[PDB]
Structures are given as structure tokens and as C-alpha cells.
Amino acid sequence: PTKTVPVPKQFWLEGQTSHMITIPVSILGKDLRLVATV
Amino acid sequence: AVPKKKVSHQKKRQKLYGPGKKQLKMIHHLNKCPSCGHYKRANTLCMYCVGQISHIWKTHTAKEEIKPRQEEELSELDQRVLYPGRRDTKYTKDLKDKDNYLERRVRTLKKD
Amino acid sequence: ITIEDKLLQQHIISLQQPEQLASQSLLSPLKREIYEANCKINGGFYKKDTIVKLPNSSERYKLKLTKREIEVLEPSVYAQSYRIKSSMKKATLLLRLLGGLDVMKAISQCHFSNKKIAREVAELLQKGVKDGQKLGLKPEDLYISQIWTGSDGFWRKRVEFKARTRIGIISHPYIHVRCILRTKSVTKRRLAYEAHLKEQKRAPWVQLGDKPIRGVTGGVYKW
Amino acid sequence: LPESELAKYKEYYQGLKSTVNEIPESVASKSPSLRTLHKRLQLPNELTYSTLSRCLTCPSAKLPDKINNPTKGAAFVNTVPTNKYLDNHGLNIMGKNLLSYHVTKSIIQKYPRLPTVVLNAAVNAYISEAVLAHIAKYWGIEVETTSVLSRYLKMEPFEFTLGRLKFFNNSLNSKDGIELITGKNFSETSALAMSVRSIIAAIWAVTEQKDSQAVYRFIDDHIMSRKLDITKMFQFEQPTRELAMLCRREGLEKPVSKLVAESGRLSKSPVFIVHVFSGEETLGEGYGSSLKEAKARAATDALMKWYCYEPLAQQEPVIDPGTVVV
Amino acid sequence: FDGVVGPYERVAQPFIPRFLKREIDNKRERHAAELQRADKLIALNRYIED
RNA sequence: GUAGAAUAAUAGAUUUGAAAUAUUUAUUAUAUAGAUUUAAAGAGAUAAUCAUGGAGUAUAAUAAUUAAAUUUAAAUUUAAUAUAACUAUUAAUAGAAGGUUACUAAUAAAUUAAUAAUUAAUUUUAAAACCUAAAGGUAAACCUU
RNA sequence: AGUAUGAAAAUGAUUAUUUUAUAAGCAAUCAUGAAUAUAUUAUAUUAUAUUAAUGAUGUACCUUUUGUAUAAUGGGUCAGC
RNA sequence: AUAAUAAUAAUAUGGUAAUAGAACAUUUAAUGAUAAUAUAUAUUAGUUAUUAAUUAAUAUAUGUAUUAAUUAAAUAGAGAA
Ligand SMILES: [Mg+2]
Ligand SMILES: [Mg+2]
Ligand SMILES: [Mg+2]
Ligand SMILES: [Mg+2]
Ligand SMILES: [Mg+2]
Ligand SMILES: [Mg+2]
Ligand SMILES: [Mg+2]
Ligand SMILES: [Mg+2]
Ligand SMILES: [Mg+2]
Ligand SMILES: [Mg+2]
Ligand SMILES: [Mg+2]
Ligand SMILES: [Zn+2]
């Protein structure tokens, strides 16, 4: 899950043209499983 | 001394908005400004033009900002050592943000 | 690094609503098209019963709208102030003046009105005009269709101590001005048309008009 | 797949179609609606229930290409293709003819010398499409506003379907205020009118030999019983001239308007009473707020008297010399 | 934060009554549904017209 | 899509009757007599719109586990359970830190059972400022020994 | 003083329909024109709804009293208790 | 030899303090189908001799009633402090 949120120039990375950037939201371990195609 | 009854919605309305006296009139009296064709009140100088003139006067009749003789060639490091910038109080901060509480004159529309 | 960004703007729009007009937003495509056609036929505005044909195909329609729907459809712009520090009464003192005024005229009036609320009202009007410009309509077509005052939220009551042990309770009111601007081209024209129709309908004053013999008969001829 | 639901539905549809093609008598009898209709109008018993069903069935041979555009307004999913030899199309025409004859005749009987235009208007009023539709509605001839699939799901017999009126009705025709304008064939009112006409036709067919006037009597009871004030149908251009012409045609002295009584001259609302005399016989009283108005009214009254004359049954059929022409 | 985050004015709206928008939109939705259903029905009819 | 028929409207052509109750049929002025009538600055009632306000309504860790029910093998619901409510009863068991502000006021094992890490039980063990009638004082969180 | 939701009322502004600038009193009821709105059987000479033309009738409610329009008691309105 | 409904004849049906009889709303407990075409609440227009419920349209919930009904009970009904 990666939400697209408008971030200030303070927290800008070297490249971000628009204020709009996509960033990852946290997920509960209960909602994701281990792989090893398994 | 005191109202005998709660004044009804009707009655208060008619006391307030009823008569002409109490109503705001439309400012009919207003005309074009000779210097820039904007709206201005009749028999009155345009507030923009006059302001502009005042500004120009100020620019011309500007008083010499009496900068001290010493501080002009005062080393940056030395300056820092001498006069360290403190944190201002809440009140001072508030005072400083003039934009918050202080109004700049609005410009009229263009008359046609 | 320069920005105010298109993507950001898009995001903002998504969060709120599109800039599109009501006629476009509310109606389903075909219906919208039909409405447009009707408007074209009857010079700007919708008319009660007009069998219209679409430009593309050879099928024909008759659009049936309720009064409310009709009212909503005619192009409008809705403008809202922020939390003005003034009382409703005070506001409405001015707002009564700007009833059915052309927006520009209203703005001009505001400019010269020596009342504090006037500034804010003018600003609001300007904003509305800008919005209209953005979304389709021309400044010179816009009039104030109606404009009003609500109380805004949370007025803070303070106690005001008077002489002897007496206590007043001072309240600091905050309001908001909302306006609706419609267009002299469509809406006003439509209402004029309606008025004309009504006039036409009006039965004439006859000197020996058949005024009904009011009352019950009694089951008995009096003549 | 223990259940082939599409197959069952198909079978049902086929059955329905077959029934429509036939209109079996037994099925018709079983239908309650039809029975009720029959009782309501006190129809002759020679008229079968199959006939009644047929009357309610409008000609729907092939589904149009207007169906294929539900996105463009119209969708016809209620009806099922009718038998070409067993529709109301023929009956309907006959019914219409009957209505045209009989009503007109009745009107003539009532009012000899009724200006042709006025007569036509009267006839229309008596038996316009809208009126017929209204009559049908009153009777209780309801429309099949339920899809075949829906019916199947419900699990209702074919009897009910038979009982209902059947034509190509646009399901989804006035939704969101959009109305697809189509021909006369797809209007409800028209269908209703047809049904009404068809009933009359059916009646005629059954009672053509045993009691010829029965149909006419029925019509009178239903169609001719309806109030129409013939006085409200007229509208004159300049009636005075017309009146004069009429007088000339007949053996009458030239008409002259004359003041009989007058009150409130020099006022907002006066009253003038003027009669139009022909020698001595007063030909039309006329009141008015002005003299001119009064005169006009008198003339109009005279014209009305001339036209709307209603002779008795004991008289010998009076035939007018047509309408006055000027 | 220079207004890049936080309240973003309002978009250029037209006026639509709140309780009327609810209605009209609902109606539209219903119509759409009907259209879908109508199409399905038509398809079914086509299938069983052989 | 083309052609032909029935009806309606509009235009043209050809006929048509008539000095047409024109000292008013249609319609326009002015005069003299009369006669009346038409307001909305604001308001009432009703409705709607935008408010204010927060009654009412829903919900009470929304997880996990248990059992049942319902759909395609996962989800949804139902009832029960928490470290996370109080109140009454019944049954069992037992008879126990607050503050203040800072030089912040911490832990370390072993043995036994369960299965090297493990959890539990049984144990020994470090720290722990100042104040909270009675080292002795005071104006609690200070001073004096 | 939980969180959602909130077309509950009182209360404010505004718009629409309607009535209102020769008319006098619990603001309703009954009679009764007119205007407007809605209605997929208004077929209409239709039906409902709204509305202070106009007419008639009409001393708020409670409490306490021999007895209250009373100028006797009590209530600013609404919501909750 | 009863009950329910309908007739016919008759007598009776103002009411404070007060007595007697019968219902409805709300909430909880026992029993309890059903279903998003369902339900709950709201607005408007209908319907039933109508503090109530029901019908239709509309709006908002909600995978759905302590639902109909019979009992048991009540923090069971408010313009009056
Ligand atoms: Mg709020
Ligand atoms: Mg003072
Ligand atoms: Mg105050
Ligand atoms: Mg008026
Ligand atoms: Mg001391
Ligand atoms: Mg008295
Ligand atoms: Mg008092
Ligand atoms: Mg009694
Ligand atoms: Mg109570
Ligand atoms: Mg209360
Ligand atoms: Mg009460
Ligand atoms: Zn200027």
C-alpha cells in the first residue's frame, strides 16, 4: 500500500518535480504472509 | 423602563428594515478618475493616484538612513560575538506578523 | 524550485469536486445533450414542452423536468466567505442593499461602503466572479441572485460584570456570507418569459363578468 | 447442472406465445380479469372470452430496431409477437367506423343545422382518442407493464397475461424525464382507444343478426351518455353580418338591433339590453357593458338559436339548408 | 507549509441544493441500473427468438 | 432509403356572393361628462435554501480465539471471552502507598517442571533522591546535625 | 467532557407562492371569491394543497376560588430530565 | 342457555371533587417466522369513526427487528412546581 500525498519542499527528494509524491503506508503482520512461489 | 412583552419577529423587522432612514443607500455619486479610468467617489481625489504620488514623494524626499560609522566595517564573526540574536516573546512575534492584523488599501474597478 | 504543480491541483480537485457546471455534473450524458438541445432551441433556457431532435441521429425526445430541477440546472456560481467577525444583523444591513445587483455594481458599492463587513463581502464577490470565469461564465453576465447571512459556529460567551452584584453575558458573534450568482443571459431571461406567460394567461377584467353565485342553492329556485 | 433454468424459461415463453396465437377458450375462461370486465359492462353472452382477449391484443408482429437502443431511450421487453390473423387491428377499424357513423347521426338528430365545423368538433369531443383512452381506463383495461422474464419468475399463468392489454409498450419510456417520441403504434392512449373500438366491433359482430340495434344501444349507454354543452363549442367572427345573411335567406324582415333597457350609462360598469328585431319577432336578446358589445351579444344569441335548435322526436326529421356563408 | 498541505480553498462550485443533489443522483443511478437490466432482457429475448 | 394513396396545416392559381345591422365590423387619437381600478418601503402565512443548535439514533479495544449459522474453501453474522467499567446478588479464596523534582530513583541469579533459547512454579539477590506528628527543627518536599 | 451520525425543535438570513399601504382587538373556526402549486384516468365545467379579498362567529391556557378576559397565581421559546 | 356481527322497538349517553369499567403509545424479559422487492426513522399526500396504525412517493440508515401476537413488568406518556 502506497498512498500519493502532497509533501512540502522540506521533505523533497532530489528529483520530485511536483509536490505530489507516492509513499508507503505501514501494514499489520496479520495482513501479510511469508514467501520462499509459496 | 422595561419591555412588557417579547417583541414579535414582525414588529422588530419592521422597526429595523422598515423606514428609509435605516436603510443603506446606493452610492450613486461616483465617477471616473481623470488619471486612470477607475471608479472614484465624486468630488474626491482618487485614492490610488494620490497614494502613488505620495510614494514617489517619499522615494524622492527620503531621509538618509543614518547608519553608524563603526558597524559598517564590523567583522561578521565579531558582530556575532557582540550582538547575538535572542528569541522574541510571543507578543513581539504577534506584533511582527503585521499582515495578520493590518490592512492594505484595495483597488477599485475600472469604470466604463 | 518553482511551484504552486498541476498534479497537486488535480489531487485537490479529486479531494473536493470537479470544476464543471451543474447542468454537466447532475445529468446523464444523453439527458444532458437533450437539455442542451432544448436550450439551443429556446434561446438559452429550458422550455416546458418542446419536442427536440438531437444533431447526430434521427430520433426525437421530449424532456420533462420538475421546477426545482430546472432552477438548479440554470448556470450558477456559489461563493462562501470565511468566519467573519461580525453580527448577522450588521451584515444583513449591507446585504439587503445588494439584492438583485449585477456583480460588478455590487462590488463597486462594497468598495465605497464605509462598513467593515463590506470589504469581506467585496472580496467574496470577487472570488465568486473568478470562479465563474474559471468555469464558463462572463463577469458582465453575472448578477447576485441571492445572498445571505448565517451564524457561524462557536460564539464564545464571556461574563461582563456590572455595578452592584449584577452580571451581563457578552457574546462575540461570528458569521458567514454566502451568495449565489446566476446569469442575466439565461436565468433572468427565463423568469421574464415566465412572467410574460403569466400575464398572457391572466383573464381580463370584465364589467359584467360571470361572478359565480356564491352560496348553497337550498333545493329551491329563488328565480 | 441439475436445473437448466434458461431452458424452462424458454419453454414458458413458447407456451405463452402459443396461447397468444390461439387464445384458447378454456384459458380465456380461466382468466379472472376478463371475466370481471365482461360482467362490468354487461356484455351479451354470445360474446366469448376469447373474443374479449383478442380485443385487448394490439398488432405486434416484429420487434423494432428501436429496441436495440435502450442506451438511446427505448426498450420493449413486455410484449410477445402476436398472430397476424388474430389481432384487434381489423375489429378496431370497424369499431371506429361505427363510432363515426352512430355518434354523428345522434348529434345530427339532436341538432339539425349545426355548422359543419362545430359538428366535427362535437364528434371529436364525443369520441376523440384521449376520451376513448379515458373510458378504457375507467372500464379497467389495464396495460401489460411487466416483462415476460419477470412474469416467469413470479410464476403467473397465461390467463393473467391474456386479461391484460397487449401492445409494444416502451418499458423505460419516461424515466429521468426522457421521453422517446415514437409513432402512434407505441402510445398507451392509442392502444386503449383501439381496445375500446375493438370491444364495440366484437359486440356488433355477435349481435349483427339477433338484435341489430343492441350495439347502438350499448354505445348510447356508454359513449352518447356523456355530457357535452354544444353552446360552449361556438365562436363567431362578425355575427351581425351572418345573421343578416340568414334573414335574407329565410323569409324575414331585415334584422335591427334596438335598445330595450339601459342602466348605469356614464359608469365603470353599465348595462345595456338590446334585442335584434325582425319586424316584431324578437330574434335575439343581448346584454352588454357597452352598446356595441350588447349588439354583438344579441347577434350571437340569434345565431345560437338558429343553429342549436333541437326538434322533438314527434317531429318529422328536419334537414337544414347547410351553414350560412358570408 | 506554504499551503501545499492543509486546507485548499474551495473549487469553483455551482450551487446545488443538498437534498436535491441526493435525489437527482439517486434517480440517475436507478435509470442506469434499469438500462443495464433492459439490455440484459433484450439479449435474453434475442437468444430465445429462434 | 424510394414510390404511391388518406387527412391536416400553409402558399399560389381560377372561380365566388355582396352596395354587406361601417351615423363602428376590425383599431387609433383627442377632447367633455361621469364611474372606478392599480401599490409593496416594509410585513403576515406557507414552503423551500443556507445556517445555528445538538435532541434523537447507532455504536462501546474490534482485535484474537471458541462454537453455531449463511454464501465460495475464505469470508459475513450470531453468542462467549481481555490487561480495559461500575452496581446487586450467589459461591469460592484471602485479609491490603501517595506525593515533590530531578546529579531520573536501574537489576542480577539459581533450582525444578515443561520443551540450547523457552514459559511457569519455587526461590535468593542489587538498586530505590527528597516529603508525608514523634535523630532536632521548619513556612510538606527545606534547613541542621 | 467517549466516537460516529444528525431534514428534532426553538432561533437568524434569504428566495418562491400568495395576501397586504381607508384599516382596530387571543390571530382561530366556519362560510366564501380570487391567485398559485402538484397530480402517468384533469374525460372537465377536475381533485387536492398553499394563501389574513370579503362575511359571520370567537374575552388565551393553568392554578385558586362563591366567582377570573381579568388589572388575582404561574410560565421568554424549544429540547432533555 | 355461548360468542362474534347485523336488524327491530324502547330507555339512557353535560359534568368539577370523586367512584367504576375498557383501551392505546413508550421501554425491558419470556416465546418467535420473516427479509436490501426487506426494515427502521423522517417529510408529503392518501386510507381506517383516526392520542394509533397503515398505504404510495421521496431521503437516510442497516445484511437487518426482543418484529406480529400472548403474557410478565415498568425510571410507562408533561404548557404548567
Ligand atoms: Mg455544528
Ligand atoms: Mg459598568
Ligand atoms: Mg444577548
Ligand atoms: Mg402585488
Ligand atoms: Mg527561622
Ligand atoms: Mg367571564
Ligand atoms: Mg411572569
Ligand atoms: Mg358522561
Ligand atoms: Mg416519568
Ligand atoms: Mg417537554
Ligand atoms: Mg397537553
Ligand atoms: Zn485613478
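So basically every Cβ, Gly included, is an ideal-geometry build from the backbone, and we count neighbours across all protein chains shown. No value in this document is a laboratory result; all are computed from the given coordinates.
Take residues that are within 16 Å of RNA strand H (Cβ to nearest atom) and among the hydrophobic types (A, V, I, L, M, F, W, C) and tell me which of the helices (runs of 4 or more DSSP H) falling wholly in region B:1-104 contain 2 or more.
Filter on region B:1-104 gives an empty set.
Could you please find all residues in region D:238-294 being under 19 Å from D:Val326 (Cα atoms) and aromatic (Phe, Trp, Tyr)?
Within region D:238-294, none qualify.
Residues checked against (1) within 16 Å of RNA strand H (Cβ to nearest atom); (2) within 18 Å of the chain's Cα centre (by Cα):
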position	(1), (2)
D:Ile107	no, yes
D:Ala125	no, yes
D:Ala130	no, yes
D:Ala133	no, yes
D:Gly140	no, yes
D:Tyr152	yes, no
D:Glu159	no, no
D:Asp176	yes, no
D:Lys184	no, yes
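Would you mind telling me which numbered condition in (1) within 14 Å of chain E (Cβ to nearest Cβ); (2) out of contact with any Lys or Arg (no Cβ under 9 Å at 6 or more places or on another chain); (3) in a helix (DSSP H, G or I) D:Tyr152 fails?
Status for D:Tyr152: all satisfied but (2).
Output the residues belonging to region D:254-269 that are part of a strand (DSSP E or B) and closer than 22 Å to D:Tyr307 by Cα. It would help to see each step written out before you state the result.
Keep residues of region D:254-269 that are part of a strand (DSSP E or B), which gives D:256-263.
D:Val256, D:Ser257, listed by residue number.
Of the residues C:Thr2, C:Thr92, which is facing another protein chain (nearest Cβ under 9 Å) and either hydroxyl-bearing (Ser, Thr, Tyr) or assigned to a strand (DSSP E or B) (or both)?
After ruling out the rest, the residue left standing is C:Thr92.
When you go through (1) in a helix (DSSP H, G or I); (2) in contact with a helix residue (DSSP H, G or I) (Cβ under 8 Å, 6 or more places away or on another chain); (3) among the aliphatic types (A, V, I, L, M) one by one for E:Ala43, which number turns out not to apply?
Single failed check for E:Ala43: (2).
I'm trying to understand the selection: among the residues of region C:95-123, which are under 17 Å from C:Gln146 (Cα atoms) and assigned to a loop (DSSP other than H, G, I, E, B)?
C:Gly99, C:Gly100, C:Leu101 - these are the residues of region C:95-123 that are under 17 Å from C:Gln146 (Cα atoms) and assigned to a loop (DSSP other than H, G, I, E, B).
Taking only region A:4-20 into account, find how many residues are more than 9 Å from chain C (Cβ to nearest Cβ), under 16 Å from E:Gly3 (Cα atoms) and of a type in the set (A, V, I, L, M, F, W, C). Show your work before the answer.
Within region A:4-20, the subset more than 9 Å from chain C (Cβ to nearest Cβ) is A:7-8, A:10-11, A:13-16.
Checking which are under 16 Å from E:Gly3 (Cα atoms) leaves us with A:7-8, A:10-11.
Next, only the ones that are of a type in the set (A, V, I, L, M, F, W, C) stay: A:7, A:11.
So the count comes out to 2.
Run down D:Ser50, D:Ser18 and say which single residue is more than 29 Å from D:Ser174 (Cβ to Cβ) and within 14 Å of another protein chain (Cβ to nearest Cβ).
Working: D:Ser50 fails: within 14 Å of another protein chain (Cβ to nearest Cβ).
Sole residue among the options that is more than 29 Å from D:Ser174 (Cβ to Cβ) and within 14 Å of another protein chain (Cβ to nearest Cβ): D:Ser18.
Would you point out which residue out of D:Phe272, D:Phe218, D:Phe277 is crowded, with 18+ Cβ neighbours inside 10 Å, aromatic (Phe, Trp, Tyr) and part of a helix (DSSP H, G or I)?
Numbers: D:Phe272 fails: part of a helix (DSSP H, G or I); D:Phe277 fails: part of a helix (DSSP H, G or I).
Result: D:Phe218 is the single residue among D:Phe272, D:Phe218, D:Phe277 that is crowded, with 18+ Cβ neighbours inside 10 Å, aromatic (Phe, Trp, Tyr) and part of a helix (DSSP H, G or I).
Taking only region C:164-195 into account, find how many residues are farther than 16 Å from C:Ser87 by Cβ, away from ligand 2 (no atom under 16 Å from the Cβ) and not basic (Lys, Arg).
Residues that pass the stated criteria total 12.
If D:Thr145 satisfies every condition in (1) farther than 30 Å from C:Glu33 by Cα; (2) within 12 Å of RNA strand G (Cβ to nearest atom); (3) surrounded by fewer than 17 Cβ atoms within 10 Å (Cβ to Cβ) but one, which is the exception?
D:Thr145 satisfies all of (1) farther than 30 Å from C:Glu33 by Cα; (2) within 12 Å of RNA strand G (Cβ to nearest atom); (3) surrounded by fewer than 17 Cβ atoms within 10 Å (Cβ to Cβ) except (1).
Identify, from the list D:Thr207, D:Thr231, D:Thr282, D:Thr189, the residue that is under 30 Å from D:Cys58 (Cα atoms), surrounded by fewer than 19 Cβ atoms within 10 Å (Cβ to Cβ) and among the β-branched types (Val, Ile, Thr).
Numbers: D:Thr207 fails: surrounded by fewer than 19 Cβ atoms within 10 Å (Cβ to Cβ); D:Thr231 fails: under 30 Å from D:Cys58 (Cα atoms); D:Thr282 fails: under 30 Å from D:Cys58 (Cα atoms).
Of the residues listed, the single one that is under 30 Å from D:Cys58 (Cα atoms), surrounded by fewer than 19 Cβ atoms within 10 Å (Cβ to Cβ) and among the β-branched types (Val, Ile, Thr) is D:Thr189.
Quick one: would you say D:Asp211 is touching a helix residue (DSSP H, G or I) at 6+ places or on another chain (Cβ under 9 Å) and part of a helix (DSSP H, G or I)?
The answer is no for D:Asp211.
C:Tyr174: touching a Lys or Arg at 6+ places or on another chain (Cβ under 6 Å) and surrounded by 10 or more Cβ atoms within 10 Å (Cβ to Cβ), yes or no?
When the stated conditions are applied, C:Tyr174 passes them.
Are any residues in region E:7-47 within 11 Å of chain C (Cβ to nearest Cβ), away from RNA strand H (no atom under 16 Å from the Cβ) and small (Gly, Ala, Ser), and if so, which ones?
E:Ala12
Within region C:170-185, identify whether any single residue is under 17 Å from the mean Cα position of the chain (by Cα), in a helix (DSSP H, G or I) and farther than 22 Å from C:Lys90 by Cα, and answer yes or no.
yes
Counting just the residues of region B:36-73 that are β-branched (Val, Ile, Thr) and surrounded by 10 or more Cβ atoms within 10 Å (Cβ to Cβ), which one comes out farthest from ligand 2 (Cβ to nearest atom)?
That would be B:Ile56.
Among C:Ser23, C:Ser57, which is the only one that is more than 14 Å from chain A (Cβ to nearest Cβ) and in a helix (DSSP H, G or I)? So that I can check it myself, show each step before the final result.
Values: C:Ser57 fails: in a helix (DSSP H, G or I).
Checking each option against the conditions leaves just C:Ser23.
Only residues that are part of a strand (DSSP E or B) and more than 36 Å from the chain's Cα centre (by Cα): list them for region D:284-297, please.
Passing the criteria: D:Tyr287, D:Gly288.
On the basis of being buried (at least 18 other Cβ atoms within 10 Å of the Cβ) and in contact with a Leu (Cβ under 9 Å, 6 or more places away or on another chain), does C:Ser81 make the cut?
yes
Going through C:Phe161, C:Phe154 one at a time, which residue ends up being within 16 Å of ligand 2 (Cβ to nearest atom), over 23 Å from C:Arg119 (Cβ atoms) and either aromatic (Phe, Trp, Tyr) or surrounded by 13 or more Cβ atoms within 10 Å (Cβ to Cβ) (or both)?
Result of the check over C:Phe161, C:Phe154: C:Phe161.
Cβ-Cβ distance below 8 Å, separation of 6 or more or different chains: which pairs start in region C:23-36 with a residue that is within 10 Å of C:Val52 (Cβ to Cβ) and end on one that is in a helix (DSSP H, G or I)?
Close Cβ pairs satisfying both conditions: C:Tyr35/C:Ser23; C:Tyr35/C:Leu73; C:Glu36/C:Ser23.
Being hydrophobic (A, V, I, L, M, F, W, C), surrounded by fewer than 17 Cβ atoms within 10 Å (Cβ to Cβ) and away from chain A (no Cβ under 14 Å) narrows it down to one residue among C:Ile13, C:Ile34, C:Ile41; which is it?
Within the list C:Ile13, C:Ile34, C:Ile41, the selection yields C:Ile41.
Find all pairs meeting these conditions: Cβ atoms under 6 angstrom apart; at least six residues apart or on different chains; first residue within region A:9-38 and more than 16 Å from C:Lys6 (Cα to Cα); second residue part of a loop (DSSP other than H, G, I, E, B).
Within 6 Å, the pairs are A:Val25/A:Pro1.
Could you identify the single residue in D:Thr71, D:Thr36 that is among the β-branched types (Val, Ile, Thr) and not in a helix (DSSP H, G or I)?
Going through D:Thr71, D:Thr36 in turn, just one is among the β-branched types (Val, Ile, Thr) and not in a helix (DSSP H, G or I): D:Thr71.
As an exercise: evaluate E:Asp50 against (1) away from RNA strand H (no atom under 16 Å from the Cβ); (2) part of a helix (DSSP H, G or I); (3) among the acidic types (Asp, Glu) and give the number of the one condition it does not meet.
Failed condition: (2).
Kindly list the number of the only condition in (1) in a loop (DSSP other than H, G, I, E, B); (2) under 24 Å from the mean Cα position of the chain (by Cα); (3) among the polar types (S, T, N, Q) that fails for D:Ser53.
Just one mismatch for D:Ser53, condition (1).
Looking at (1) in contact with a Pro (Cβ under 9 Å, 6 or more places away or on another chain); (2) more than 14 Å from every other protein chain (Cβ to nearest Cβ), find the lone condition where D:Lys227 falls short.
(1)
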